[PDB]
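Student: Just data_13.pdb, nothing more (PDB, N, CA and C atoms):
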ATOM      1  N   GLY I   1     -56.122 -23.423  35.649
ATOM      2  CA  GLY I   1     -54.825 -23.421  34.997
ATOM      3  C   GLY I   1     -53.938 -24.556  35.468
ATOM      4  N   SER I   2     -54.528 -25.735  35.640
ATOM      5  CA  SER I   2     -53.784 -26.903  36.096
ATOM      6  C   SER I   2     -52.404 -26.954  35.448
ATOM      7  N   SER I   3     -52.382 -27.060  34.123
ATOM      8  CA  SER I   3     -51.129 -27.123  33.381
ATOM      9  C   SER I   3     -51.248 -26.389  32.050
ATOM     10  N   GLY I   4     -50.471 -25.320  31.899
ATOM     11  CA  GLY I   4     -50.503 -24.547  30.671
ATOM     12  C   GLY I   4     -49.149 -23.965  30.317
ATOM     13  N   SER I   5     -49.147 -22.972  29.432
ATOM     14  CA  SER I   5     -47.908 -22.333  29.005
ATOM     15  C   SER I   5     -47.609 -21.103  29.857
ATOM     16  N   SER I   6     -47.817 -21.232  31.164
ATOM     17  CA  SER I   6     -47.575 -20.131  32.089
ATOM     18  C   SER I   6     -46.401 -20.446  33.012
ATOM     19  N   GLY I   7     -45.216 -19.980  32.630
ATOM     20  CA  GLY I   7     -44.031 -20.222  33.432
ATOM     21  C   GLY I   7     -43.412 -21.579  33.161
ATOM     22  N   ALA I   8     -43.081 -21.833  31.899
ATOM     23  CA  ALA I   8     -42.478 -23.103  31.509
ATOM     24  C   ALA I   8     -41.974 -23.052  30.071
ATOM     25  N   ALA I   9     -40.687 -23.328  29.891
ATOM     26  CA  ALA I   9     -40.081 -23.314  28.564
ATOM     27  C   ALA I   9     -39.428 -24.655  28.246
ATOM     28  N   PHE I  10     -38.769 -25.238  29.241
ATOM     29  CA  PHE I  10     -38.099 -26.521  29.066
ATOM     30  C   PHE I  10     -39.020 -27.674  29.456
ATOM     31  N   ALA I  11     -39.376 -28.496  28.475
ATOM     32  CA  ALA I  11     -40.252 -29.637  28.714
ATOM     33  C   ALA I  11     -39.530 -30.726  29.502
ATOM     34  N   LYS I  12     -38.217 -30.808  29.323
ATOM     35  CA  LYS I  12     -37.410 -31.805  30.017
ATOM     36  C   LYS I  12     -35.995 -31.289  30.258
ATOM     37  N   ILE I  13     -35.676 -31.019  31.520
ATOM     38  CA  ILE I  13     -34.355 -30.521  31.883
ATOM     39  C   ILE I  13     -33.326 -31.646  31.886
ATOM     40  N   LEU I  14     -32.051 -31.275  31.862
ATOM     41  CA  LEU I  14     -30.968 -32.252  31.863
ATOM     42  C   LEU I  14     -30.866 -32.948  33.216
ATOM     43  N   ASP I  15     -30.363 -34.179  33.205
ATOM     44  CA  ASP I  15     -30.208 -34.952  34.432
ATOM     45  C   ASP I  15     -29.411 -34.171  35.470
ATOM     46  N   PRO I  16     -29.613 -34.509  36.752
ATOM     47  CA  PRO I  16     -28.923 -33.851  37.865
ATOM     48  C   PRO I  16     -27.437 -34.193  37.908
ATOM     49  N   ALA I  17     -27.045 -35.205  37.140
ATOM     50  CA  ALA I  17     -25.652 -35.630  37.090
ATOM     51  C   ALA I  17     -25.442 -36.700  36.025
ATOM     52  N   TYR I  18     -24.418 -36.515  35.199
ATOM     53  CA  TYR I  18     -24.112 -37.464  34.134
ATOM     54  C   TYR I  18     -22.849 -38.255  34.456
ATOM     55  N   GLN I  19     -22.625 -39.330  33.708
ATOM     56  CA  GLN I  19     -21.452 -40.172  33.913
ATOM     57  C   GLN I  19     -21.017 -40.827  32.607
ATOM     58  N   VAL I  20     -19.745 -40.656  32.258
ATOM     59  CA  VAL I  20     -19.205 -41.231  31.033
ATOM     60  C   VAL I  20     -17.763 -41.687  31.230
ATOM     61  N   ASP I  21     -17.277 -42.509  30.307
ATOM     62  CA  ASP I  21     -15.912 -43.015  30.378
ATOM     63  C   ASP I  21     -14.922 -41.991  29.832
ATOM     64  N   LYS I  22     -13.674 -42.087  30.275
ATOM     65  CA  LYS I  22     -12.631 -41.168  29.833
ATOM     66  C   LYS I  22     -12.552 -41.130  28.309
ATOM     67  N   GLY I  23     -11.988 -40.049  27.778
ATOM     68  CA  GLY I  23     -11.861 -39.910  26.339
ATOM     69  C   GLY I  23     -13.044 -40.494  25.593
ATOM     70  N   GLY I  24     -14.215 -40.457  26.222
ATOM     71  CA  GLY I  24     -15.410 -40.991  25.596
ATOM     72  C   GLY I  24     -16.294 -39.907  25.013
ATOM     73  N   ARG I  25     -17.603 -40.131  25.046
ATOM     74  CA  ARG I  25     -18.557 -39.166  24.514
ATOM     75  C   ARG I  25     -19.846 -39.167  25.331
ATOM     76  N   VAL I  26     -20.256 -37.987  25.783
ATOM     77  CA  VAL I  26     -21.472 -37.851  26.576
ATOM     78  C   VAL I  26     -22.672 -37.528  25.692
ATOM     79  N   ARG I  27     -23.868 -37.669  26.252
ATOM     80  CA  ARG I  27     -25.095 -37.393  25.514
ATOM     81  C   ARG I  27     -26.001 -36.450  26.300
ATOM     82  N   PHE I  28     -26.196 -35.247  25.772
ATOM     83  CA  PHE I  28     -27.039 -34.252  26.423
ATOM     84  C   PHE I  28     -28.250 -33.915  25.559
ATOM     85  N   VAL I  29     -29.427 -34.338  26.008
ATOM     86  CA  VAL I  29     -30.662 -34.082  25.278
ATOM     87  C   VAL I  29     -31.609 -33.206  26.089
ATOM     88  N   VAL I  30     -32.312 -32.310  25.404
ATOM     89  CA  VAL I  30     -33.255 -31.412  26.061
ATOM     90  C   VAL I  30     -34.474 -31.157  25.183
ATOM     91  N   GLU I  31     -35.643 -31.075  25.810
ATOM     92  CA  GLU I  31     -36.884 -30.834  25.085
ATOM     93  C   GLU I  31     -37.372 -29.405  25.301
ATOM     94  N   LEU I  32     -38.054 -28.860  24.299
ATOM     95  CA  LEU I  32     -38.576 -27.501  24.379
ATOM     96  C   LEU I  32     -40.084 -27.481  24.144
ATOM     97  N   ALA I  33     -40.804 -26.781  25.014
ATOM     98  CA  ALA I  33     -42.254 -26.679  24.899
ATOM     99  C   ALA I  33     -42.660 -26.178  23.517
ATOM    100  N   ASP I  34     -41.804 -25.362  22.914
ATOM    101  CA  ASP I  34     -42.074 -24.813  21.589
ATOM    102  C   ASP I  34     -40.775 -24.528  20.844
ATOM    103  N   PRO I  35     -40.787 -24.759  19.523
ATOM    104  CA  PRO I  35     -39.617 -24.535  18.669
ATOM    105  C   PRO I  35     -39.294 -23.053  18.506
ATOM    106  N   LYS I  36     -40.290 -22.206  18.741
ATOM    107  CA  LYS I  36     -40.112 -20.764  18.622
ATOM    108  C   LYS I  36     -38.931 -20.290  19.462
ATOM    109  N   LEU I  37     -38.799 -20.851  20.659
ATOM    110  CA  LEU I  37     -37.710 -20.487  21.559
ATOM    111  C   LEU I  37     -36.367 -20.949  21.003
ATOM    112  N   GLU I  38     -35.291 -20.336  21.486
ATOM    113  CA  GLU I  38     -33.948 -20.687  21.037
ATOM    114  C   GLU I  38     -33.156 -21.351  22.160
ATOM    115  N   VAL I  39     -32.296 -22.294  21.792
ATOM    116  CA  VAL I  39     -31.477 -23.006  22.766
ATOM    117  C   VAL I  39     -30.019 -22.569  22.683
ATOM    118  N   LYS I  40     -29.354 -22.524  23.832
ATOM    119  CA  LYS I  40     -27.953 -22.124  23.891
ATOM    120  C   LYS I  40     -27.199 -22.934  24.940
ATOM    121  N   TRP I  41     -26.097 -23.548  24.526
ATOM    122  CA  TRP I  41     -25.285 -24.354  25.432
ATOM    123  C   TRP I  41     -24.076 -23.567  25.926
ATOM    124  N   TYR I  42     -23.770 -23.705  27.211
ATOM    125  CA  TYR I  42     -22.639 -23.004  27.807
ATOM    126  C   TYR I  42     -21.860 -23.923  28.743
ATOM    127  N   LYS I  43     -20.547 -23.734  28.791
ATOM    128  CA  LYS I  43     -19.687 -24.543  29.646
ATOM    129  C   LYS I  43     -18.811 -23.659  30.529
ATOM    130  N   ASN I  44     -19.168 -23.567  31.807
ATOM    131  CA  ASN I  44     -18.414 -22.755  32.754
ATOM    132  C   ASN I  44     -18.490 -21.277  32.385
ATOM    133  N   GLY I  45     -19.686 -20.823  32.022
ATOM    134  CA  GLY I  45     -19.870 -19.431  31.651
ATOM    135  C   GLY I  45     -19.188 -19.086  30.341
ATOM    136  N   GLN I  46     -19.190 -20.032  29.408
ATOM    137  CA  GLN I  46     -18.565 -19.822  28.107
ATOM    138  C   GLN I  46     -19.388 -20.468  26.997
ATOM    139  N   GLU I  47     -19.829 -19.655  26.043
ATOM    140  CA  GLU I  47     -20.626 -20.148  24.927
ATOM    141  C   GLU I  47     -19.881 -21.242  24.167
ATOM    142  N   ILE I  48     -20.561 -22.359  23.933
ATOM    143  CA  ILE I  48     -19.964 -23.480  23.216
ATOM    144  C   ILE I  48     -20.203 -23.362  21.715
ATOM    145  N   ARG I  49     -19.165 -23.636  20.932
ATOM    146  CA  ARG I  49     -19.262 -23.562  19.479
ATOM    147  C   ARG I  49     -19.367 -24.957  18.870
ATOM    148  N   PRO I  50     -20.167 -25.076  17.800
ATOM    149  CA  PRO I  50     -20.372 -26.350  17.103
ATOM    150  C   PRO I  50     -19.129 -26.803  16.346
ATOM    151  N   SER I  51     -18.563 -27.930  16.766
ATOM    152  CA  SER I  51     -17.367 -28.469  16.129
ATOM    153  C   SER I  51     -17.299 -29.984  16.295
ATOM    154  N   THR I  52     -16.386 -30.613  15.562
ATOM    155  CA  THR I  52     -16.218 -32.059  15.626
ATOM    156  C   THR I  52     -16.424 -32.575  17.046
ATOM    157  N   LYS I  53     -15.919 -31.827  18.021
ATOM    158  CA  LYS I  53     -16.049 -32.206  19.423
ATOM    159  C   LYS I  53     -17.493 -32.062  19.893
ATOM    160  N   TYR I  54     -18.125 -30.956  19.519
ATOM    161  CA  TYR I  54     -19.508 -30.697  19.903
ATOM    162  C   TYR I  54     -20.460 -31.005  18.751
ATOM    163  N   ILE I  55     -21.305 -32.012  18.944
ATOM    164  CA  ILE I  55     -22.268 -32.405  17.923
ATOM    165  C   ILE I  55     -23.659 -31.870  18.244
ATOM    166  N   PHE I  56     -24.075 -30.842  17.511
ATOM    167  CA  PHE I  56     -25.386 -30.238  17.717
ATOM    168  C   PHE I  56     -26.423 -30.859  16.787
ATOM    169  N   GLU I  57     -27.397 -31.548  17.372
ATOM    170  CA  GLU I  57     -28.450 -32.193  16.596
ATOM    171  C   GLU I  57     -29.815 -31.598  16.931
ATOM    172  N   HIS I  58     -30.508 -31.108  15.907
ATOM    173  CA  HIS I  58     -31.826 -30.511  16.091
ATOM    174  C   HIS I  58     -32.908 -31.378  15.454
ATOM    175  N   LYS I  59     -33.895 -31.767  16.254
ATOM    176  CA  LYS I  59     -34.991 -32.597  15.771
ATOM    177  C   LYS I  59     -36.326 -32.118  16.332
ATOM    178  N   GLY I  60     -37.115 -31.460  15.489
ATOM    179  CA  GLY I  60     -38.408 -30.960  15.919
ATOM    180  C   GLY I  60     -38.310 -30.080  17.149
ATOM    181  N   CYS I  61     -38.659 -30.639  18.303
ATOM    182  CA  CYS I  61     -38.611 -29.896  19.558
ATOM    183  C   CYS I  61     -37.627 -30.537  20.531
ATOM    184  N   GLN I  62     -36.481 -30.965  20.012
ATOM    185  CA  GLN I  62     -35.458 -31.598  20.836
ATOM    186  C   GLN I  62     -34.062 -31.176  20.390
ATOM    187  N   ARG I  63     -33.185 -30.935  21.359
ATOM    188  CA  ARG I  63     -31.818 -30.522  21.067
ATOM    189  C   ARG I  63     -30.814 -31.427  21.775
ATOM    190  N   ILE I  64     -30.051 -32.182  20.992
ATOM    191  CA  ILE I  64     -29.052 -33.089  21.544
ATOM    192  C   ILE I  64     -27.646 -32.522  21.382
ATOM    193  N   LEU I  65     -26.767 -32.858  22.320
ATOM    194  CA  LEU I  65     -25.388 -32.384  22.282
ATOM    195  C   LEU I  65     -24.423 -33.484  22.715
ATOM    196  N   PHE I  66     -23.407 -33.727  21.894
ATOM    197  CA  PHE I  66     -22.412 -34.752  22.191
ATOM    198  C   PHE I  66     -21.020 -34.140  22.312
ATOM    199  N   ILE I  67     -20.295 -34.535  23.353
ATOM    200  CA  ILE I  67     -18.948 -34.027  23.583
ATOM    201  C   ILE I  67     -17.924 -35.156  23.573
ATOM    202  N   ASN I  68     -17.110 -35.201  22.524
ATOM    203  CA  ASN I  68     -16.086 -36.231  22.395
ATOM    204  C   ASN I  68     -14.818 -35.835  23.146
ATOM    205  N   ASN I  69     -13.987 -36.825  23.457
ATOM    206  CA  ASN I  69     -12.742 -36.581  24.175
ATOM    207  C   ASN I  69     -13.017 -36.174  25.620
ATOM    208  N   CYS I  70     -13.981 -36.842  26.243
ATOM    209  CA  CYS I  70     -14.343 -36.550  27.626
ATOM    210  C   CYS I  70     -13.216 -36.938  28.576
ATOM    211  N   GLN I  71     -12.467 -35.942  29.037
ATOM    212  CA  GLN I  71     -11.356 -36.180  29.950
ATOM    213  C   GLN I  71     -11.676 -35.656  31.346
ATOM    214  N   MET I  72     -11.034 -36.238  32.353
ATOM    215  CA  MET I  72     -11.250 -35.828  33.736
ATOM    216  C   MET I  72     -11.228 -34.308  33.863
ATOM    217  N   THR I  73     -10.345 -33.669  33.100
ATOM    218  CA  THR I  73     -10.221 -32.217  33.129
ATOM    219  C   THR I  73     -11.407 -31.551  32.440
ATOM    220  N   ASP I  74     -11.931 -32.205  31.409
ATOM    221  CA  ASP I  74     -13.068 -31.676  30.666
ATOM    222  C   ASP I  74     -14.285 -31.522  31.572
ATOM    223  N   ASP I  75     -14.446 -32.457  32.502
ATOM    224  CA  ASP I  75     -15.568 -32.426  33.432
ATOM    225  C   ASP I  75     -15.850 -31.000  33.897
ATOM    226  N   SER I  76     -16.870 -30.382  33.310
ATOM    227  CA  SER I  76     -17.241 -29.016  33.660
ATOM    228  C   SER I  76     -18.754 -28.880  33.794
ATOM    229  N   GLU I  77     -19.197 -27.735  34.304
ATOM    230  CA  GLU I  77     -20.621 -27.479  34.485
ATOM    231  C   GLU I  77     -21.263 -27.026  33.177
ATOM    232  N   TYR I  78     -22.461 -27.531  32.906
ATOM    233  CA  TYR I  78     -23.180 -27.180  31.688
ATOM    234  C   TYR I  78     -24.579 -26.661  32.011
ATOM    235  N   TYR I  79     -25.003 -25.635  31.284
ATOM    236  CA  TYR I  79     -26.319 -25.043  31.492
ATOM    237  C   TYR I  79     -26.892 -24.511  30.182
ATOM    238  N   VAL I  80     -28.101 -24.952  29.849
ATOM    239  CA  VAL I  80     -28.762 -24.520  28.624
ATOM    240  C   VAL I  80     -29.898 -23.549  28.925
ATOM    241  N   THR I  81     -30.063 -22.552  28.061
ATOM    242  CA  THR I  81     -31.112 -21.556  28.235
ATOM    243  C   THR I  81     -32.124 -21.619  27.096
ATOM    244  N   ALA I  82     -33.394 -21.413  27.428
ATOM    245  CA  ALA I  82     -34.458 -21.444  26.433
ATOM    246  C   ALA I  82     -35.635 -20.572  26.859
ATOM    247  N   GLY I  83     -35.845 -19.475  26.138
ATOM    248  CA  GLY I  83     -36.937 -18.574  26.458
ATOM    249  C   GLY I  83     -36.693 -17.798  27.737
ATOM    250  N   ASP I  84     -37.529 -18.038  28.741
ATOM    251  CA  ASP I  84     -37.399 -17.354  30.023
ATOM    252  C   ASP I  84     -37.049 -18.342  31.132
ATOM    253  N   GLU I  85     -36.388 -19.433  30.759
ATOM    254  CA  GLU I  85     -35.997 -20.455  31.723
ATOM    255  C   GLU I  85     -34.652 -21.070  31.347
ATOM    256  N   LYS I  86     -34.026 -21.742  32.307
ATOM    257  CA  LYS I  86     -32.735 -22.379  32.080
ATOM    258  C   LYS I  86     -32.421 -23.384  33.184
ATOM    259  N   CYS I  87     -31.617 -24.388  32.853
ATOM    260  CA  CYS I  87     -31.240 -25.415  33.817
ATOM    261  C   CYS I  87     -29.731 -25.643  33.806
ATOM    262  N   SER I  88     -29.256 -26.465  34.736
ATOM    263  CA  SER I  88     -27.832 -26.763  34.838
ATOM    264  C   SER I  88     -27.608 -28.214  35.251
ATOM    265  N   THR I  89     -26.435 -28.743  34.918
ATOM    266  CA  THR I  89     -26.095 -30.121  35.251
ATOM    267  C   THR I  89     -24.602 -30.271  35.514
ATOM    268  N   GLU I  90     -24.212 -31.424  36.047
ATOM    269  CA  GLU I  90     -22.810 -31.693  36.346
ATOM    270  C   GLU I  90     -22.328 -32.943  35.618
ATOM    271  N   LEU I  91     -21.183 -32.830  34.954
ATOM    272  CA  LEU I  91     -20.612 -33.951  34.216
ATOM    273  C   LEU I  91     -19.549 -34.664  35.045
ATOM    274  N   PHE I  92     -19.642 -35.987  35.105
ATOM    275  CA  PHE I  92     -18.686 -36.787  35.863
ATOM    276  C   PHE I  92     -17.983 -37.796  34.960
ATOM    277  N   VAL I  93     -16.795 -37.430  34.488
ATOM    278  CA  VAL I  93     -16.019 -38.303  33.614
ATOM    279  C   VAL I  93     -14.912 -39.011  34.388
ATOM    280  N   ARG I  94     -14.940 -40.339  34.367
ATOM    281  CA  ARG I  94     -13.938 -41.135  35.066
ATOM    282  C   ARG I  94     -12.643 -41.209  34.263
ATOM    283  N   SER I  95     -11.592 -41.729  34.889
ATOM    284  CA  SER I  95     -10.296 -41.851  34.234
ATOM    285  C   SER I  95      -9.420 -42.876  34.950
ATOM    286  N   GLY I  96      -9.015 -43.911  34.220
ATOM    287  CA  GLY I  96      -8.179 -44.945  34.800
ATOM    288  C   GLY I  96      -8.985 -46.114  35.328
ATOM    289  N   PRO I  97      -8.307 -47.246  35.571
ATOM    290  CA  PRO I  97      -8.948 -48.460  36.083
ATOM    291  C   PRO I  97      -9.405 -48.310  37.530
ATOM    292  N   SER I  98     -10.082 -49.331  38.042
ATOM    293  CA  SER I  98     -10.577 -49.311  39.413
ATOM    294  C   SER I  98     -10.070 -50.520  40.193
ATOM    295  N   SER I  99     -10.377 -51.712  39.688
ATOM    296  CA  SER I  99      -9.957 -52.948  40.339
ATOM    297  C   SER I  99      -9.213 -53.850  39.359
ATOM    298  N   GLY I 100      -8.524 -54.854  39.894
ATOM    299  CA  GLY I 100      -7.779 -55.774  39.055
ATOM    300  C   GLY I 100      -7.086 -56.858  39.855
TER     301      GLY I 100
END
What would the structure in this file look like if it were written as structure tokens?
Tutor:
Amino acid sequence: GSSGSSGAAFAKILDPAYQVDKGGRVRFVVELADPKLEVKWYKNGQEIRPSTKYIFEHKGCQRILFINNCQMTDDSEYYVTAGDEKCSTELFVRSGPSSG
């Protein structure tokens, strides 16, 4: 049983940490071993709803998510669930200049 469908739902988990510009837009992509399973996005223990701000894109066995208006305050924890597995990541949105 080198590698099989025993204890694995997410083919590719989200990065350990993301980085985007203020009032910008982040990119969250995730792969699923099988389309049969369902994907769910959550932000700080709160189900996210599909809206202009949240862009839900479904392609075969991939689920992308875009969040517009990325503000320092928006920076929150995100975790997606699929089947009998789930992962989590941290968003790091900058704000303001650095040098000059």
Student: On this structure, which residues satisfy the PyMOL selection byres ((chain I and resi 39) around 8), written as a PyMOL selection string?
Tutor: chain I and resi 35-38+40-42+63+80-83
Student: Ranking I:33, I:87, I:55, I:93 by minimum distance to residue I:14 and counting only N, CA and C atoms, which one comes first?
Tutor: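 Result for the nearest residue to residue I:14: I:87.
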Student: DSSP on the backbone: which residues in stretch 16-77 of chain I end up as strand (DSSP E or B)? Give the answer as a ChimeraX atom specification.
Tutor: /I:18-20,24-32,39-43,47,51,54-59,62-70,77
Student: From the options I:62, I:71, I:52, I:3, which residue's atoms come nearest to residue I:95, counting only N, CA and C atoms?
Tutor: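 Going through I:62, I:71, I:52, I:3 one by one, the smallest distance to residue I:95 is for I:71.
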Student: Please define a box with edges along x, y and z of the file around all atoms of stretch 66-85 of chain I given in the file, extend it by 6 Å on each side, and return its centre and edge lengths in Å to one decimal, as JSON.
Tutor:
{"center_x": -23.9, "center_y": -27.1, "center_z": 28.2, "size_x": 39.3, "size_y": 31.6, "size_z": 24.6}
Student: On this file, the PyMOL selection byres ((chain I and resi 94) around 6.5) gives some set of residues; write that set as a list in words.
Tutor: residues 19, 20, 21, 22, 71, 72, 92, 93, 95 and 96 of chain I
Student: Calculated over only C-alpha atoms, which of the candidates I:26, I:49, I:90, I:97 has the smallest distance to residue I:69?
Tutor: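 Nearest candidate to residue I:69 out of I:26, I:49, I:90, I:97: I:26.
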Student: Please enumerate the residues selected by the PyMOL selection byres (((chain I and resi 53 and name CA) around 12) and name CA) when evaluated against the supplied file, formatted as a list in words.
Tutor: residues 23, 24, 25, 26, 48, 49, 50, 51, 52, 54, 55, 56, 65, 66, 67, 68, 69, 70 and 74 of chain I
Student: One decimal, Å: what's the distance from atom N of residue I:79 over to atom CA of residue I:98, could you say?
Tutor: 28.9 Å
Student: Determine, counting only C-alpha atoms, every residue of protein, DNA or RNA that lies within 12 Å of (-44.4, -26.5, 30.1) in the file coordinates, then give the result as an mmCIF file with N, CA and C atoms, in the coordinates of the input.
Tutor:
data_model
loop_
_atom_site.group_PDB
_atom_site.id
_atom_site.type_symbol
_atom_site.label_atom_id
_atom_site.label_comp_id
_atom_site.auth_asym_id
_atom_site.auth_seq_id
_atom_site.Cartn_x
_atom_site.Cartn_y
_atom_site.Cartn_z
ATOM 1 N N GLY I 1 -56.122 -23.423 35.649
ATOM 2 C CA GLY I 1 -54.825 -23.421 34.997
ATOM 3 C C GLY I 1 -53.938 -24.556 35.468
ATOM 4 N N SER I 2 -54.528 -25.735 35.640
ATOM 5 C CA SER I 2 -53.784 -26.903 36.096
ATOM 6 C C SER I 2 -52.404 -26.954 35.448
ATOM 7 N N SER I 3 -52.382 -27.060 34.123
ATOM 8 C CA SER I 3 -51.129 -27.123 33.381
ATOM 9 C C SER I 3 -51.248 -26.389 32.050
ATOM 10 N N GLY I 4 -50.471 -25.320 31.899
ATOM 11 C CA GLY I 4 -50.503 -24.547 30.671
ATOM 12 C C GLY I 4 -49.149 -23.965 30.317
ATOM 13 N N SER I 5 -49.147 -22.972 29.432
ATOM 14 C CA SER I 5 -47.908 -22.333 29.005
ATOM 15 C C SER I 5 -47.609 -21.103 29.857
ATOM 16 N N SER I 6 -47.817 -21.232 31.164
ATOM 17 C CA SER I 6 -47.575 -20.131 32.089
ATOM 18 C C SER I 6 -46.401 -20.446 33.012
ATOM 19 N N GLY I 7 -45.216 -19.980 32.630
ATOM 20 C CA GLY I 7 -44.031 -20.222 33.432
ATOM 21 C C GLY I 7 -43.412 -21.579 33.161
ATOM 22 N N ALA I 8 -43.081 -21.833 31.899
ATOM 23 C CA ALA I 8 -42.478 -23.103 31.509
ATOM 24 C C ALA I 8 -41.974 -23.052 30.071
ATOM 25 N N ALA I 9 -40.687 -23.328 29.891
ATOM 26 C CA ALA I 9 -40.081 -23.314 28.564
ATOM 27 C C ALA I 9 -39.428 -24.655 28.246
ATOM 28 N N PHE I 10 -38.769 -25.238 29.241
ATOM 29 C CA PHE I 10 -38.099 -26.521 29.066
ATOM 30 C C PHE I 10 -39.020 -27.674 29.456
ATOM 31 N N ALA I 11 -39.376 -28.496 28.475
ATOM 32 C CA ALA I 11 -40.252 -29.637 28.714
ATOM 33 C C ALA I 11 -39.530 -30.726 29.502
ATOM 34 N N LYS I 12 -38.217 -30.808 29.323
ATOM 35 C CA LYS I 12 -37.410 -31.805 30.017
ATOM 36 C C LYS I 12 -35.995 -31.289 30.258
ATOM 37 N N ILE I 13 -35.676 -31.019 31.520
ATOM 38 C CA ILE I 13 -34.355 -30.521 31.883
ATOM 39 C C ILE I 13 -33.326 -31.646 31.886
ATOM 40 N N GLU I 31 -35.643 -31.075 25.810
ATOM 41 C CA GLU I 31 -36.884 -30.834 25.085
ATOM 42 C C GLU I 31 -37.372 -29.405 25.301
ATOM 43 N N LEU I 32 -38.054 -28.860 24.299
ATOM 44 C CA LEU I 32 -38.576 -27.501 24.379
ATOM 45 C C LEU I 32 -40.084 -27.481 24.144
ATOM 46 N N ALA I 33 -40.804 -26.781 25.014
ATOM 47 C CA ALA I 33 -42.254 -26.679 24.899
ATOM 48 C C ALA I 33 -42.660 -26.178 23.517
ATOM 49 N N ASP I 34 -41.804 -25.362 22.914
ATOM 50 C CA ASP I 34 -42.074 -24.813 21.589
ATOM 51 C C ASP I 34 -40.775 -24.528 20.844
ATOM 52 N N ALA I 82 -33.394 -21.413 27.428
ATOM 53 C CA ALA I 82 -34.458 -21.444 26.433
ATOM 54 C C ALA I 82 -35.635 -20.572 26.859
ATOM 55 N N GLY I 83 -35.845 -19.475 26.138
ATOM 56 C CA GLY I 83 -36.937 -18.574 26.458
ATOM 57 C C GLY I 83 -36.693 -17.798 27.737
ATOM 58 N N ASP I 84 -37.529 -18.038 28.741
ATOM 59 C CA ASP I 84 -37.399 -17.354 30.023
ATOM 60 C C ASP I 84 -37.049 -18.342 31.132
ATOM 61 N N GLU I 85 -36.388 -19.433 30.759
ATOM 62 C CA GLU I 85 -35.997 -20.455 31.723
ATOM 63 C C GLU I 85 -34.652 -21.070 31.347
#
Student: Between I:88, I:76, I:99, I:46, which residue has the minimum interatomic distance to residue I:15, considering only N, CA and C atoms?
Tutor: I:88
Student: What does the structure give for the distance between atom CA of residue I:18 and atom CA of residue I:89, in Å to one decimal?
Tutor: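 Computed distance, atom CA of residue I:18 to atom CA of residue I:89, equals 7.7 Å.
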Student: What is the atom C of residue I:61 to atom N of residue I:75 distance in Å?
Tutor: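 Calculated distance between atom C of residue I:61 and atom N of residue I:75 is 26.2 Å.
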Student: When you count only C-alpha atoms, which of these residues is closest to residue I:16: I:28, I:100, I:64, I:57?
Tutor: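 Selected residue with least distance to residue I:16: I:28.
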Student: Just write stretch 48-58 of chain I with N, CA, C and O atoms, as a PDB file, in the first residue's frame, taken from the block above.
Tutor:
ATOM      1  N   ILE I  48     -17.784  30.915   5.059  1.00  0.00           N
ATOM      2  CA  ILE I  48     -17.683  32.009   4.101  1.00  0.00           C
ATOM      3  C   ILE I  48     -18.723  31.868   2.994  1.00  0.00           C
ATOM      4  O   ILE I  48     -18.939  30.776   2.468  1.00  0.00           O
ATOM      5  N   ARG I  49     -19.361  32.980   2.645  1.00  0.00           N
ATOM      6  CA  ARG I  49     -20.377  32.981   1.599  1.00  0.00           C
ATOM      7  C   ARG I  49     -19.824  33.565   0.303  1.00  0.00           C
ATOM      8  O   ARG I  49     -19.029  34.505   0.307  1.00  0.00           O
ATOM      9  N   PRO I  50     -20.253  32.997  -0.833  1.00  0.00           N
ATOM     10  CA  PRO I  50     -19.813  33.445  -2.158  1.00  0.00           C
ATOM     11  C   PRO I  50     -20.369  34.818  -2.520  1.00  0.00           C
ATOM     12  O   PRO I  50     -21.581  34.989  -2.661  1.00  0.00           O
ATOM     13  N   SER I  51     -19.479  35.793  -2.669  1.00  0.00           N
ATOM     14  CA  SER I  51     -19.882  37.151  -3.011  1.00  0.00           C
ATOM     15  C   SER I  51     -18.765  37.879  -3.752  1.00  0.00           C
ATOM     16  O   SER I  51     -17.629  37.405  -3.809  1.00  0.00           O
ATOM     17  N   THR I  52     -19.094  39.035  -4.320  1.00  0.00           N
ATOM     18  CA  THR I  52     -18.121  39.829  -5.059  1.00  0.00           C
ATOM     19  C   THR I  52     -16.745  39.760  -4.406  1.00  0.00           C
ATOM     20  O   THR I  52     -15.726  39.677  -5.090  1.00  0.00           O
ATOM     21  N   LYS I  53     -16.723  39.791  -3.078  1.00  0.00           N
ATOM     22  CA  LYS I  53     -15.473  39.730  -2.330  1.00  0.00           C
ATOM     23  C   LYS I  53     -14.848  38.342  -2.430  1.00  0.00           C
ATOM     24  O   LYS I  53     -13.641  38.207  -2.635  1.00  0.00           O
ATOM     25  N   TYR I  54     -15.676  37.313  -2.285  1.00  0.00           N
ATOM     26  CA  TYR I  54     -15.204  35.936  -2.357  1.00  0.00           C
ATOM     27  C   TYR I  54     -15.520  35.323  -3.719  1.00  0.00           C
ATOM     28  O   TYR I  54     -16.685  35.138  -4.073  1.00  0.00           O
ATOM     29  N   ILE I  55     -14.474  35.008  -4.476  1.00  0.00           N
ATOM     30  CA  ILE I  55     -14.639  34.414  -5.796  1.00  0.00           C
ATOM     31  C   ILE I  55     -14.395  32.909  -5.756  1.00  0.00           C
ATOM     32  O   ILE I  55     -13.255  32.456  -5.656  1.00  0.00           O
ATOM     33  N   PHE I  56     -15.475  32.138  -5.837  1.00  0.00           N
ATOM     34  CA  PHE I  56     -15.378  30.683  -5.811  1.00  0.00           C
ATOM     35  C   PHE I  56     -15.308  30.117  -7.226  1.00  0.00           C
ATOM     36  O   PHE I  56     -16.260  30.228  -7.998  1.00  0.00           O
ATOM     37  N   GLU I  57     -14.172  29.512  -7.558  1.00  0.00           N
ATOM     38  CA  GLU I  57     -13.976  28.930  -8.881  1.00  0.00           C
ATOM     39  C   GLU I  57     -13.770  27.421  -8.787  1.00  0.00           C
ATOM     40  O   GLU I  57     -12.872  26.948  -8.090  1.00  0.00           O
ATOM     41  N   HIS I  58     -14.609  26.670  -9.494  1.00  0.00           N
ATOM     42  CA  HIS I  58     -14.520  25.214  -9.491  1.00  0.00           C
ATOM     43  C   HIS I  58     -14.071  24.694 -10.853  1.00  0.00           C
ATOM     44  O   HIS I  58     -14.691  24.984 -11.876  1.00  0.00           O
TER      45      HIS I  58
END
